[PDB]
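For reference, the structure discussed in these notes is given below.
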Amino acid sequence: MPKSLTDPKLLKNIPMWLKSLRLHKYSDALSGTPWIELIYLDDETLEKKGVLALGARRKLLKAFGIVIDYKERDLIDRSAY
């Protein structure tokens, strides 16, 4: 469900955004990257950011391309940008 994964409130709070994934722990190394520069990463590059775990980066590839499937079409709440 996209509400809490496509939301300005979460998209600018990497910790509570990653909490929708039940991860919420990469923010220690990843909150310096806003969702708009972020979702554009990949498998192994999230890991150079410190997603030092496939079942965090692949789970992020989920999180990313759902928001991509709305962002690449301007369907987000417009204040997330």
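Within each chain, counting starts at residue 1; across the structure tokens, chains are named A, B, ... in the order shown, with ligands numbered 1 upward in that order.
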
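Using only C-alpha atoms, the protein and nucleic acid residues lying no more than 10 Å from residue 58 in chain A, apart from those fewer than 3 places from it along its own chain, are residues 42, 43, 44, 46, 51, 53, 54, 55, 61, 62, 63 and 64 of chain A.
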
Using the selection just defined, write its residues with N, CA and C atoms as a CSV table (one decimal), in the first residue's frame.
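Written out: out.csv:
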chain,number,residue,atom,x,y,z
A,42,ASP,N,21.0,1.2,-6.6
A,42,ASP,CA,20.9,-0.2,-7.1
A,42,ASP,C,21.2,-1.1,-5.9
A,43,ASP,N,21.2,-2.4,-6.2
A,43,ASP,CA,21.7,-3.5,-5.3
A,43,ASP,C,23.0,-3.2,-4.6
A,44,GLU,N,24.1,-3.2,-5.3
A,44,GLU,CA,25.4,-3.1,-4.7
A,44,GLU,C,25.8,-1.7,-4.3
A,46,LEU,N,23.6,0.6,-2.8
A,46,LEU,CA,23.1,0.8,-1.4
A,46,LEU,C,24.0,0.2,-0.4
A,51,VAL,N,24.1,-0.4,3.3
A,51,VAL,CA,23.1,-1.4,3.3
A,51,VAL,C,23.8,-2.8,3.0
A,53,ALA,N,24.0,-5.8,3.5
A,53,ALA,CA,23.1,-6.9,3.6
A,53,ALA,C,22.1,-6.9,2.4
A,54,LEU,N,22.1,-8.0,1.6
A,54,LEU,CA,21.2,-8.2,0.5
A,54,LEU,C,19.8,-8.1,0.9
A,55,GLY,N,19.3,-8.7,2.0
A,55,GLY,CA,18.0,-8.6,2.5
A,55,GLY,C,17.6,-7.3,3.2
A,61,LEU,N,15.0,-2.3,-3.0
A,61,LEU,CA,14.7,-2.3,-4.4
A,61,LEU,C,13.2,-2.4,-4.6
A,62,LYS,N,12.5,-3.1,-3.7
A,62,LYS,CA,11.1,-3.1,-3.6
A,62,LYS,C,10.6,-1.7,-3.3
A,63,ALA,N,11.0,-1.2,-2.2
A,63,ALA,CA,10.6,0.1,-1.7
A,63,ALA,C,10.8,1.2,-2.7
A,64,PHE,N,12.0,1.3,-3.3
A,64,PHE,CA,12.4,2.2,-4.4
A,64,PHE,C,11.4,2.0,-5.6

Check: Got a sec to tell me which of range 11-72 of chain A DSSP assigns to alpha helix (DSSP H), as number ranges by chain?
Finding: A: 11, 14-18, 27-30, 35-38, 43-49, 54-71

Dump of C-alpha atoms for the selected residues, as an mmCIF file, in the first residue's frame:
data_model
loop_
_atom_site.group_PDB
_atom_site.id
_atom_site.type_symbol
_atom_site.label_atom_id
_atom_site.label_comp_id
_atom_site.auth_asym_id
_atom_site.auth_seq_id
_atom_site.Cartn_x
_atom_site.Cartn_y
_atom_site.Cartn_z
ATOM 1 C CA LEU A 11 10.362 10.448 2.244
ATOM 2 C CA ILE A 14 14.636 7.914 5.935
ATOM 3 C CA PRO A 15 14.369 6.143 9.436
ATOM 4 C CA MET A 16 10.507 5.974 9.509
ATOM 5 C CA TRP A 17 10.435 5.423 5.697
ATOM 6 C CA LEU A 18 12.712 2.323 6.105
ATOM 7 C CA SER A 27 19.444 5.605 8.230
ATOM 8 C CA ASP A 28 22.620 5.761 10.400
ATOM 9 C CA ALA A 29 24.539 5.825 7.054
ATOM 10 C CA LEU A 30 21.667 6.618 4.583
ATOM 11 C CA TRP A 35 14.596 9.720 -1.439
ATOM 12 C CA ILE A 36 14.884 11.625 -4.749
ATOM 13 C CA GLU A 37 18.676 11.053 -5.012
ATOM 14 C CA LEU A 38 18.116 7.667 -3.266
ATOM 15 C CA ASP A 43 21.657 -3.479 -5.301
ATOM 16 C CA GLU A 44 25.416 -3.132 -4.695
ATOM 17 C CA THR A 45 25.469 0.716 -4.401
ATOM 18 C CA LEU A 46 23.074 0.781 -1.438
ATOM 19 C CA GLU A 47 25.711 -1.473 0.096
ATOM 20 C CA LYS A 48 28.487 1.140 -0.543
ATOM 21 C CA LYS A 49 26.121 3.490 1.430
ATOM 22 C CA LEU A 54 21.192 -8.231 0.480
ATOM 23 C CA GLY A 55 17.960 -8.596 2.503
ATOM 24 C CA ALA A 56 18.127 -4.873 3.185
ATOM 25 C CA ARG A 57 19.162 -3.666 -0.354
ATOM 26 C CA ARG A 58 16.688 -6.058 -2.217
ATOM 27 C CA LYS A 59 13.980 -5.043 0.225
ATOM 28 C CA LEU A 60 14.988 -1.492 -0.674
ATOM 29 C CA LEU A 61 14.738 -2.309 -4.439
ATOM 30 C CA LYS A 62 11.087 -3.130 -3.612
ATOM 31 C CA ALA A 63 10.630 0.128 -1.655
ATOM 32 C CA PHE A 64 12.356 2.165 -4.398
ATOM 33 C CA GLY A 65 10.586 0.949 -7.494
ATOM 34 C CA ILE A 66 7.114 1.230 -5.917
ATOM 35 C CA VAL A 67 7.922 4.925 -5.233
ATOM 36 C CA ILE A 68 9.537 5.045 -8.730
ATOM 37 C CA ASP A 69 6.196 3.764 -10.181
ATOM 38 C CA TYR A 70 4.589 6.835 -8.783
ATOM 39 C CA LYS A 71 7.526 9.340 -8.975
#

Next item on the list: Fewer than 4 positions away in the same chain doesn't count, so skip those; otherwise give me all residues within 10 Å of residue 7 in chain A, counting only C-alpha atoms, as a list in words.
Entry: residues 2, 3, 11, 12, 13, 17, 67, 76, 77, 78, 79 and 80 of chain A

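Reported to one decimal place, the separation of CA of residue 25 in chain A from CA of residue 72 in chain A is 26.5 Å.
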